[PDB]
């Protein structure tokens, strides 16, 4: 929109937002004791949030209203209503507060990226990180340095491995991503529809959004073709959980179109599904992504100008524009009879219904107003950022080599990821209190360190190889730190292949020839094809370290020395290189299609051979896994659905059965234990998935010789399939539950009786109406 020459947004994936949209605001609170609103209904705490917000908005002029329809809400000076910034961020830490240069409020805790947080398979960790982030956000708000809503979490799935924003997600699985959303959202908001909202969370990006730019296909003009079956079974479940179960107060509509219609103008998505099917809060608001309303016109061409784009997005259910479309074009829309004043008010009322419920109008003694800089210091000092990295690092390959023997006195630390700063933080980060590189972690370890760069991330020069081989020949062991970073994968920048960059694999190869223990760190969010390292017996160990955050280097060193033990697992598939060449990344069809050369997408459908599977991870000990009951027997679909469901809003939320096993540490070292529970079946119509996740857990601190019971509740809805119309359906037939990729424990069950619908999927009558 603010471009200075011709810009084709069908190819360019970065919008050009106006400075008003990008402006940070100095935050403050309305004065309900003595200000102009003090004797008016918005300041009457006996009324509902909706009645208070409706009363406030009735006091505005139209010009005043329109100035508060965008993220940069200019306020209403006449009424003592402050400016209010909707555009906050908290992907993995406070991200878009008004950080000062130094001293108080100059930093916030930088956790690992979500892709690393999820690899821990610890739902309690995601919840605790959300509670700290929520506290830190409220500290910035009380200092005047931010608002009380954030555009987090990202609960899209990492469906295709090239995606430049997969790093922001909990991986490729809808079950894990749903649970991540639930934990992070309920932590941010301070409970499940609580008395006072702590931070308003925003589930994004709804929906069908998982490509930035691949092969020139800009997100801003992408029109993704998705079957109702796959929309219902895969592209929407995280949002169903966020809306129905976590009770999220905001959803962000995506830049892209689906089946012809931009999300923010998509009456089927916002009204028929989110509000009428997914039980979205009656007071919930939809934010457009930043420029997405403008994109309804340019470049989608769904509306013929920006005033018509604004009207179509408001009438579909986009309440707040991240942008300047509503602020600068809603008056023209009104004067051209495209919208009523009441239509424009509806979204601002919803926003302020949530600010009322967060205590914005309730004065200095309301909940969470007493959080200070000292609460940022004391929550950071818990070192949960370090704990998260320790739990989410994944061991892909090991012989005897890790943890390093007491005989290893010196390490050569080599490669582009060894000496780093902000690379540790991925994207959507604020300033950190410190950043510990892998180099620094080893320097702090008390091993002798010999550092050589060796090669840059994307280089075809061997200039630095000799210095690196020299360091390696004189050390007892070699740590090579490489992979990808946000110079390769970012917002508006998908990868065009899924191989290691530059000549990193060539230097690793030469390092493997020296007769020394060789440990490789594969960093970054997306996976790279490590088949050459898998196959090389002289590459002794391989770790995926993701984006490990402010304490990353200490976590990596502590795992490598065995001060801590790994138990993370991959939450995406590491595909072979050819996967990214053989079919278009914009093909949204999950099921294999030999005709189109689609081999099937994600661990659920892929018919090829991963380098390392979804759910792969190794330990510093051995486990023996067994169950008392390998055959859980039969359950009648009609019986399970027709008994009472005390404690659940819906019958299908009940536990169908517990997956239960005995896990014994039969090895030499204490370790945590991570478990994924997969279901597979021939029930329902072909084609059939290989399997799908129905549960997960992390057990803590199994000492050598000790046993712990694993108990994973498998719900009725977790084993439902999806019919060709998008209905969620329980089908009669044979099922198996399996522990991990190797299926160490298998529990069989049968569903008897007739098919039953558990979710009725509404017909899309709006997207193609004439």
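Positions refer to the first chain, counted from 1.
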| query | finding |
| --- | --- |
| 210 to 218 versus 401 to 409 - greater average Cα B-factor per the deposited record | 401 to 409 |
| Mean C-alpha B-factor comparison - 33 to 41 and 740 to 748, higher one | 33 to 41 |
| From 343, 289, 89, 558, residue of greatest CA B-factor | 558 |
| Selection by C-alpha B-factor (highest) of 55, 720, 66, 714 | 55 |
| CA B-factor placement of residue 734, once the chain's modelled residues are sorted into thirds | middle |
| Among modelled residues of the same chain, the CA temperature factor third for residue 762 | lowest |
| Third of chain Cα B-factors occupied by residue 337 | middle |
| Chain thirds of CA B-factor: placement of residue 195 | highest |
| Entry-reported Cα temperature factor of residue 691, expressed as the chain third it lands in | lowest |
